[PDB]
Ligand SMILES: Nc1ncnc2c1ncn2[C@@H]1O[C@H](COP(=O)(O)OP(=O)(O)OP(O)(O)=S)[C@@H](O)[C@H]1O
Ligand SMILES: Nc1ncnc2c1ncn2[C@@H]1O[C@H](COP(=O)(O)OP(=O)(O)OP(O)(O)=S)[C@@H](O)[C@H]1O
């Protein structure tokens, strides 16, 4: 989920959940489901979103 | 007179290159074995499992935290010495196969080994004397002299069945052969193979026979084989499965494929008629040794054997006592 | 004056042996010291390829990543369903491997000892030749099959009384082809779970899909095959679905390529008549309890390493015996040499054969239901 | 669709041929891997197939199994009842009656 | 005057040899005192049969039962200590305490 | 703060994770430990202890 403008909440495949500041790069509606998104190793922020998977 | 001059300059070079042989050994061993002690003395060095082993010499390690780690360079073992599905010790940081764990056994396999080995010297068995003779000839001499077989060239025997009434003595051969032969004794009971835990008695059979493979003078005393040894049915919705799995795994692990004379199989059932035709046939248990009811004098003998260490006044007629004992 | 030549040459050779056997082990330990700089690499698999260098992957112990290859890793050969390697630190792809084994495959595949050929066995010459025509031919040459144009057949089953050397016959097969034998006792497939049985079946079958000339041998299939009634025991539901794993993946979408299945049972009646249709298994061929010439020939096989004399009454042994396997002949010959070793005959008298026939024919008091005749 | 017949009528053969003739994205699975450990695992498999199915196209997608995973006996607390329950409820509740533009003709036989 | 009462399933505690540690405790309280009576009950879960296949499960019972055979009889026997064992069955015991 | 100063001296004195013992080798201490959750381990001792009571 997203709290506010360009800052949101992502769970991860690391086990836990996180709340992250996300860039203006991704269009503001591309994050409706629990879509396949890309984060950072070290500092955990959104770079890109991939809509299909699995 | 100069071949000795060249050979002695080469002998000074031999002392130099032998100081270099000792240098490439010891001076490099300073680095090598110092940091290899230090990598062995990092931790209790993170024991683990090899999943597979390739040779494109290349190995895949799963930790005991169930986390996987390939390497294309194995390290401090050889590809033949290890094999996949083994306990292995691996550095936490370098993730390097260091040394093999010598803990490759189970728990109640190590509890299964009867270590006390109680004493039955051969005074005790009376009346089964020809059974003692056939018994020693079919079991003890396979433990001693395969030369005695294959200088005449036949085979060593393959299992012996001990049956009769449940009083006449099946415990006698167990304790007697354990105490008098000095091989590695191992026993086995029947409801042990009766498990609520499905699908695991094959591990018991195969791991106990690998134990017998690696502790070669291996007496294996099966007791109450007729517990899981039951003649099969073909019904609908009536009967269990895994008892037949363990029974047929013992059969297909004993006979059929992969034979070995590093195993000795002693089974002793009260009754025989419940048993399968496949549990005996002629390589499963070679011999069919019935036991006589103790006629007269065998009763007197064993009754005196129990009265060996007690105070017995000599007004005892054993033939009278044992002869007025009927059945 | 020439002894100094040997007095330096022997020392040079011995110090050279020292330097070789020491410094070569020192170079191997130097390679080990270099391997101290070698990094454990992450096992995982491609999920799917997105771009020319981005690769959606998933660690088999956990998380998911999008990473890239080295430089020359042949990215086209990464196809979803391949097993790859990843760096530890940078987590970049370093290698792709041929697929896993799950070493339950290893501990029954490469445990196999090769045997003697069919010179050990006999009295099944029709079974030898015909079963040779159904096993051996399409890896010798599959194109007489393609000279007529017909797809080669698939498999067979051996049956009869237990223990006649159904498996010993498969051993003679395991000494003949000597190529790609997977021989499974085929009852330990149920562990304590549901799909793990099926998953191990799939793993062996994709091992058979990778390697071309594979051979499959399963024994005591009554535990794992069974019969489909209406559902009673919950522990037979699993056996019904495992049997359907066999029902698909012995035919499959893709037919197998040089993957022969050889079967041998103790009763073929309780197998489900969905498995009795040919194509899957071509024919159920019978191994019998031997006849007079069969008993005589397998007996003379067993009469070999014997310190006998001109006394061997073959016809009394064969005629006074009334149905005895090759291993029953092992029992008789073994214990006849034992009756010789009873009171220590260093030679072999023939009269102990009569004692062994006595003992084993009297031991056959214990075995009934001498047949299970299929279909 | 539903098929039946004795073992040996070439039961997969029709699926082979119809996979050959078509143009579509013939996603196949088989049945007996549906019986698995974790909660809703095979149900997650069915939804992976359906979400990927609606992602691709209403093209043609395929499954071939009916027997002994989805029998009509709903009523037995006899082993793997979590798994039996999730398989039966998953089959019916993803059947839904319809999805109407996806996964042409799961053929069961 | 002495008596101690011990139910068998009191030793169901979740650490290896903890039951064996209480076997240590009871045998080293037994020798402190003269003419004393510990009592045993539910000796089936304490273990008489050596059920095993390739699982590695209920093994604290196993090693505790071995500790029981060791400290019970053999290696400095009992003296002024007597202990009764209660059951519904002589059927699920060991032939090492059926050591005659 | 009845002992607060000594508590600011025990900060360099802290050791000894719980780590129940499984078993040992022979001829030597060479013990074997599981910690709680992670893995197993074939351990050896620090020098200033009693190898008897392990
Ligand atoms: N020589 C003997 N010394 C001591 N006890 C004997 C002797 N011969 C027979 N017995 C008794 O015979 C009974 C049963 O003997 P076994 O047959 O060895 O017992 P078992 O271990 O139950 O064998 P099973 O039940 O057939 S597998 C016991 O009560 C033994 O004490
Ligand atoms: N009518 C047929 N004529 C000739 N060969 C056939 C015929 N039907 C099947 N086959 C052969 O069998 C293969 C396909 O059979 P399948 O379709 O798999 O039968 P099946 O599905 O295994 O039967 P089930 O599913 O156990 S009821 C083909 O590739 C052919 O080799």
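The mean sequence separation of alpha-carbon pairs under 8 Å and at least six residues apart, normalised by the residue count of region B:180-298, gives a relative contact order of 32 percent. Each of E:14, C:300 has some number of other Cβ atoms within 10 Å of its Cβ, and from fewest to most they run E:14, C:300. Based on C-alpha pairs under 8 angstrom that are at least 6 apart in sequence, chain A has a relative contact order of 25 percent. Counting Cα-Cα pairs of chain E in 5 Å increments starting at 0 gives whole-percent bin shares of 3, 11, 22, 26, 21, 11, 4, 1, 0, 0.
Relative to the dominant Cα principal axis of chain C, helix C:292-302 is inclined by about 60°. For region C:248-324, taking Cα atoms only, Rg and Dmax work out to 20.5, 63 Å respectively.
Contact order for region B:147-248, expressed relative to its length and based on alpha carbon pairs under 8 Å spaced 6+ residues apart, stands at 31 percent.
Antiparallel beta bridges, as assigned by DSSP with both residues in the protein assembly as shown, represent about 50 percent of the total such bridges. In plain terms, the residue of F:52, A:7 with the fewest other Cβ atoms within 10 Å comes first and the most crowded comes last, giving F:52, A:7. Averaged over the residues of peptide D:33-43, the number of Cβ atoms from other protein chains lying within 10 Å of each residue's Cβ is 3. Tell me the Kirkwood hydrodynamic radius of chain D in angstroms, computed as one over the mean inverse distance between distinct C-alpha pairs. Hydrodynamic radius (Kirkwood, Cα pairs) of chain D is 15.1 Å.
Within 10 Å of the Cβ of each residue in B:253-259, the mean number of Cβ atoms contributed by other protein chains is 6. Its residues counted as N, the protein assembly as shown yields a C-alpha radius of gyration over 2.2 N^0.38 Å of 1.14.
So if I take the centroid of the Cα atoms in region C:167-182 and the same for region C:21-76, what is the distance between those two points in Å? Cα centres, region C:167-182 to region C:21-76: 38 Å. Compactness of region B:68-227, taken as the C-alpha radius of gyration over 2.2 N^0.38 Å, stands at 1.39. Residue order for C:315, E:67, fewest other beta carbons within 10 angstrom first, comes to C:315, E:67. Once you divide the Cα radius of gyration of region E:1-54 by 2.2 N^0.38 Å, the number left is 1.32. The alpha-carbon atoms of region C:31-169, seen along their principal axes, cover 66, 43, 31 angstrom, with the largest extent given first.
Multiplying each eigenvalue of the alpha-carbon gyration tensor of chain C by 5 and taking the square root yields semi-axes of 49, 39, 20 Å, largest first, rounded to whole angstroms.
Extension gain, residue B:80 to residue B:316, is 78.0 nm, computed as 0.36 nm per intervening residue step minus the present C-alpha separation. Kirkwood radius and radius of gyration were both taken over the C-alpha atoms of chain A, and their ratio Rg/Rh is 0.91. The alpha carbon convex hull volume per residue for region B:57-108 rounds to 88 Å³.
Distance from the Cα centroid of region C:309-357 to that of region B:227-299 is 25 Å (rounded to whole angstrom). For helix E:60-72, report the angle its Cα long axis makes with the longest principal axis of the Cα atoms of chain E; keep it between 0 and 90° and round to the nearest 10°. With both axes taken from Cα atoms, the answer is about 30 degrees. Which value in Å is the Kirkwood Rh of region C:129-237 over different Cα pairs? Over region C:129-237, the inverse of the mean reciprocal pair distance is 16.5 Å. Using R0 = 41 Å, the C-beta based FRET efficiency linking residue D:26 and residue D:75 works out to 0.70.
Translational D (Stokes-Einstein, µm²/s) of chain B at 4 °C and 1.567 mPa s when Rh comes from the Kirkwood sum over C-alpha pairs? This corresponds to a translational diffusion coefficient of 51 µm²/s. In chain D, the longest principal axis of the Cα atoms and the axis of helix D:81-95 are about 40 degrees apart. Across peptide B:107-114, the mean count of Cβ atoms from other chains lying within 10 Å of each residue's own Cβ comes to 5.
So basically every Cβ, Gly included, is an ideal-geometry build from the backbone, and we count neighbours across all protein chains shown. No lab work stands behind these numbers, since they all come straight from the coordinates.
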